[PDB]
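Quick notes on the structure that follows.
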Amino acid sequence: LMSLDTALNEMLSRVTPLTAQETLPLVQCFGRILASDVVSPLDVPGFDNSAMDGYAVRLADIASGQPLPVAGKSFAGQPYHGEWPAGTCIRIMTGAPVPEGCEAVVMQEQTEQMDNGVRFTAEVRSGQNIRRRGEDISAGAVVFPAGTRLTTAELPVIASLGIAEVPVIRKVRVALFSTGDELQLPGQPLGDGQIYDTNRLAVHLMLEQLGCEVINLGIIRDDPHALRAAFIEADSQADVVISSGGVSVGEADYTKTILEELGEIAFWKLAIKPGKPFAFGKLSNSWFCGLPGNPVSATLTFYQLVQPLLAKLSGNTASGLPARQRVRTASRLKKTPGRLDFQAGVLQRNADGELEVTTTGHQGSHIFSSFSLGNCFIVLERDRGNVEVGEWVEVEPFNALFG
Amino acid sequence: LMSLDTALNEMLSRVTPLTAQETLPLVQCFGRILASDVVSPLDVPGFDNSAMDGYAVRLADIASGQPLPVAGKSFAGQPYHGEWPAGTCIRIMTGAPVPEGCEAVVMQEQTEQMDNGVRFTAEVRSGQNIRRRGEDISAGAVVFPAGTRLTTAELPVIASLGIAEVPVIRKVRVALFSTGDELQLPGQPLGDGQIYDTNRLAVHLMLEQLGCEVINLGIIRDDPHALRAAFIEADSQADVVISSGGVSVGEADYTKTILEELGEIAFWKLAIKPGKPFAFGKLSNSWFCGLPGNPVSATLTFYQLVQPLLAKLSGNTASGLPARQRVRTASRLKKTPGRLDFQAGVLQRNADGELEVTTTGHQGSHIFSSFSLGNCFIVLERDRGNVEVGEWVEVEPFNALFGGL
C-alpha cells in the first residue's frame, strides 16, 4: 500500500546529516566522509612540462627553417641546465620540464633526425604539447568537496598534495536489539517453540561493513520493563536504533505501546516482495527502525531502506545504494502486479559477450539461500506482471554486504 | 614481451594457500575464509511445521464431509500440545508445529466458519503444507565448503544452525615499505627533486580492504644496511613482502644485489600500459612483490597481479579475475598495437539505460586522471589500435577499493 520510493523519501526528508567531525590520518579514512572541502596547497602539475617525447623549440628557430642541432636534453628528473643558443633545440621527454623560454614541443614522430640537426617540417603552433602548471589542479582549488566518501581513489591524491590527515564526519552510532522468548542464542538447546536469532547477526554484519559503530544489546527479555529500559539505554547513546525482530511493526502488543509511549513512530505497509511491514520514527535522540521477523524480509528491508538512511545520515553526498542496469532475462519470471518485486538474479556474461540475468531457482521467504546463490537483484516494476524470456529488466548488483 | 595473463599464471602456480586456522565467533567472520566444510548438526526445519494460515486437519474427519470446530491454536513460539478431540480441527499459523497425529494443513481460502464449526470447500491430501523437517537442510549435510569467503549471505545461515563460531584461515600478513632519498612524508618540504610518497598509502589501504594484516615499515633510507635489515625483518614476520617502489624492478643497483642474495627474484617486463617492470619471487619465508615507482603503474600492477595472489594465498577458492563487460565508447581512444592498454574511463547510463564509456579526458599520467576521475578501467586488446566512437570495448569496473561495489 506504500511505494518503496515514497517511504524512502519521507525517511530521508526528516533526516539531518551528522556534522560532528574528527581529524584522522589518511590511512584510517577508508569508507569515511570528508567533513571539509579539501583545497590544493600546490599546483598540479607543479611546473610546465612536456606532453611528449620530442624536442623543445622556439617559434623563431622553426621559422629560420634550417635543421636545429641538439644543444641538450631535459628529462623527467633533471631539467636542462645551461646554454640554449638560437639555432638549437632541446631534446625532451614526456614529463620533463620545458626549458627557460621554450615556445613549443614537437613530438619526435613529426621530425627527421640527422647528422647535424633535427629537421622540422610541420607547422608549430605556440604552446603545443606543454602542460602548464596547475592545469590538472590549481592551488586554492577544491579537490574533493565535503561529503565525499574516502577511498583508494582519493586518499593517495591527497597524500600527493602533502596532506597528512583530514577531517571526517564521525561514525554513526547504531544500537541493535531483538526480543522474544522464541529467540535462542547459539549454544543453547533449541527450546520448545524456539529458534536461533539470526537477524541480529545479519544486521550487525551489515552495519559494520557500512562503517557504522554497533552497540549490540542482544535479545531483550520478553517484558515491558526490560524492553522499555533497552530503548532508553540505546537512545541515550546512539543515532539510530534498530529492532532486528520482535518489536511490533503494527500488530498490537506491549512492544507497540512502548513505542507509541517513547516516540512518534509510523507503521508502514510497503508495496514490495519479499516482505511488507516496516516501523520508523523519532525517539528522543535517535531514529528508530523496526524490521519484521522474517529473515528475508528483514534483510531486503534493511538493505533497501536503512542503508540509504544511514548513508544520508553519515554525511555522504552520494547515494549509498548501488546503481541499476537494464538487461535481458535468460529465464522466464513470475511476477504479480501489485508489489515491487526484488527477486534474485545471476548477472553474468553470455556466449556472445552480452550481460544477462538468471533466476537463482525458488524465490520464497522460507529459504535465505538466494543471497549466496544470487549476485544481484532483479527489481521488477510494481505494476509489471509476468516476464517472458529476453525481456528488458532492471537489475541491481549486490554490493560488498553480500560479496 | 610478457603477457599479463602469463605473468599471473606463473605467480599463482608457484603459490600455496595458508592452512593455519583460528576459530572466531560469527560476528567477527566477515570476509574470512572457511577452513572446514560447515556441516549441519541439525535439521532445518527442526520439527515438521505448516506453510500457511490455516487449519491442521485429518483424513478421517474430512472423510466425514462435516463442519468441524476448533479445539486449540498452534502458533510460532506457542506450539500446541493439547487435547485435539476426535471431531475437531486445529488453528495453525504460517510456520508453526504440526501437532501430534496430523495429516494436512488447509488454507482459509478453502474454508468458512459456520455456527457448528469449520467447513471445507476444497480437497485435502497427506503432505499438503507440512514442511518436512530438514527438507531445506538435512542434518550432517555440508552447507558451506571449506574455502568459502564468509559474508552476509553465509554467516546468518550458519547461525540458523545454532553455531556460535567457525574455523577460518588466519589473515595474510603483508609487509609494506618504500625507499629512496626522494620520498617524503606529509609535514616536511621537498629536497629539490623530492616527492610525496603515495604508493605505500595506496597499497596499505588496499591490502587492508582485502582483509590483510599490514606491517608497514614506512620509507626505508637509501642505505644498504637500512634496506637489507628492512627486508630481513619483513620476511621474518610476514607471508608477503611488497616494495611499493624504490627497490629495483630490474635496474642495476644495491637493492638489486640484496634481492638476489635473499631470494630468487625475477624481473619482468609486462606487455601492458601504463607501466612494464615488476618483480616477483620467493624469499626465505615469504613472497616478494616489487612495484614500479610510477604511481599509476604501481597501482595498476597491484590491482591486476598482487590482489589475485593474495586471494589465492588466503584460502579463497573463488577463482577471481573480477568482472568485465563489453560496452560502447562515447570517446575516441588513442592506442598503439602491441601493448595491452589499461586506460581509465567513465561507465555511465545514457538516455536509454544501456551503459556507455567516456574517457576521463586524458592529460598526464596522474592518480587524479586515472582513479577518482575514472570509475572503471578501459581494458584494450594488445593487438588493437585506435578506437572511434561506438566500437565495442572491454571494461572492468573498479571494486570496493576505489569505491566501486
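Each answer follows from the model by the rule given with it, or from the source it names; no laboratory instrument gave them. Virtual Cβ from ideal backbone geometry, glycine too; neighbours counted across all protein chains shown.
The residue that is farthest from B:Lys171 (Cα to Cα), among those in region B:189-236 that are touching a residue at least 60 places away in the same chain (Cβ under 8 Å) and out of contact with any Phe, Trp or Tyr (no Cβ under 7 Å at 6 or more places or on another chain), is B:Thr198. Residue-level check: of (1) touching a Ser or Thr at 6+ places or on another chain (Cβ under 6 Å); (2) among the hydrophobic types (A, V, I, L, M, F, W, C); (3) under 19 Å from A:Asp5 (Cβ atoms), A:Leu313 misses just (1). For region B:98-115, which residues satisfy the criterion of being of a type in the set (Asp, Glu) and over 15 Å from B:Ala51 (Cα atoms)? Once the filter is applied, which keeps residues that are of a type in the set (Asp, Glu) and over 15 Å from B:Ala51 (Cα atoms), region B:98-115 yields B:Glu100, B:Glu112, B:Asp115.
Among the numbered conditions (1) facing chain B (nearest Cβ under 7 Å); (2) at positive phi, the only one that A:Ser160 does not meet is (2). Residue count for region B:282-335 satisfying the condition of being assigned to a loop (DSSP other than H, G, I, E, B) and over 25 Å from the mean Cα position of the chain (by Cα): 10.
For region B:181-204, the condition of being out of contact with any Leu (no Cβ under 9 Å at 6 or more places or on another chain) and closer than 29 Å to B:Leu155 by Cα holds for none of the residues. Does A:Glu22 satisfy the criteria of being more than 14 Å from every other protein chain (Cβ to nearest Cβ), out of contact with any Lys or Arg (no Cβ under 8 Å at 6 or more places or on another chain) and surrounded by fewer than 17 Cβ atoms within 10 Å (Cβ to Cβ)? Against the criterion (more than 14 Å from every other protein chain (Cβ to nearest Cβ), out of contact with any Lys or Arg (no Cβ under 8 Å at 6 or more places or on another chain) and surrounded by fewer than 17 Cβ atoms within 10 Å (Cβ to Cβ)), A:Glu22 does not qualify. You will find that of A:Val241, A:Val247, the residue that is part of a loop (DSSP other than H, G, I, E, B) and within 30 Å of A:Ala400 (Cβ to Cβ) is A:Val247 and no other. For region A:189-216, what are the residues that are in a loop (DSSP other than H, G, I, E, B), at the interface with chain B (Cβ under 8 Å from one of its Cβ atoms) and surrounded by fewer than 24 Cβ atoms within 10 Å (Cβ to Cβ)? Within region A:189-216, A:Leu190, A:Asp192, A:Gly193, A:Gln194 meet the criteria.
Exactly one of these conditions fails for B:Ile163: (1) in the same structural domain as B:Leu259 (by CATH); (2) more than 26 Å from B:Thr257 (Cα to Cα). Give me its number. All conditions pass for B:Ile163, except number (1).
Looking only at residues in region A:138-150 that are under 20 Å from B:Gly361 (Cβ atoms) and out of contact with any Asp or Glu (no Cβ under 7 Å at 6 or more places or on another chain), the one that is nearest to the other protein chains (Cβ to nearest Cβ) is A:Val143. When the residues of region A:154-188 are filtered to those that are in a loop (DSSP other than H, G, I, E, B) and among the acidic types (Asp, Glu), the one that is surrounded by the most Cβ atoms within 10 Å (Cβ to Cβ) is A:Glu154.
For region B:364-392, a tally of residues being within 11 Å of chain A (Cβ to nearest Cβ) and not in a helix (DSSP H, G or I) returns 9. Each residue in region A:328-356 was checked for being out of contact with any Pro (no Cβ under 7 Å at 6 or more places or on another chain), within 13 Å of chain B (Cβ to nearest Cβ) and either touching a residue at least 40 places away in the same chain (Cβ under 8 Å) or not polar (S, T, N, Q) (or both), and 10 pass. Of all the numbered requirements in (1) under 30 Å from B:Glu182 (Cα atoms); (2) aliphatic (A, V, I, L, M); (3) assigned to a helix (DSSP H, G or I), A:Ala71 misses one, and that requirement is (3). The residues listed here are B:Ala226, B:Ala252, B:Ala238; of these, the one that is out of contact with any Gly (no Cβ under 6 Å at 6 or more places or on another chain), more than 30 Å from B:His362 (Cα to Cα), of a type in the set (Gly, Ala, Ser) and buried (at least 17 other Cβ atoms within 10 Å of the Cβ) is B:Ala238.
A quick yes/no check of all residues on (1) among the aliphatic types (A, V, I, L, M); (2) in the same structural domain as B:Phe30 (by CATH); (3) out of contact with any helix residue (DSSP H, G or I) (no Cβ under 7 Å at 6 or more places or on another chain):
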site: B:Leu183; (1), (2), (3): yes, no, yes
site: B:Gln188; (1), (2), (3): no, no, yes
site: B:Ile195; (1), (2), (3): yes, no, yes
site: B:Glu208; (1), (2), (3): no, no, yes
site: B:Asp222; (1), (2), (3): no, no, yes
site: B:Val247; (1), (2), (3): yes, no, no
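Taking (1) part of a loop (DSSP other than H, G, I, E, B); (2) crowded, with 18+ Cβ neighbours inside 10 Å in turn, B:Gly338 satisfies each apart from (2).
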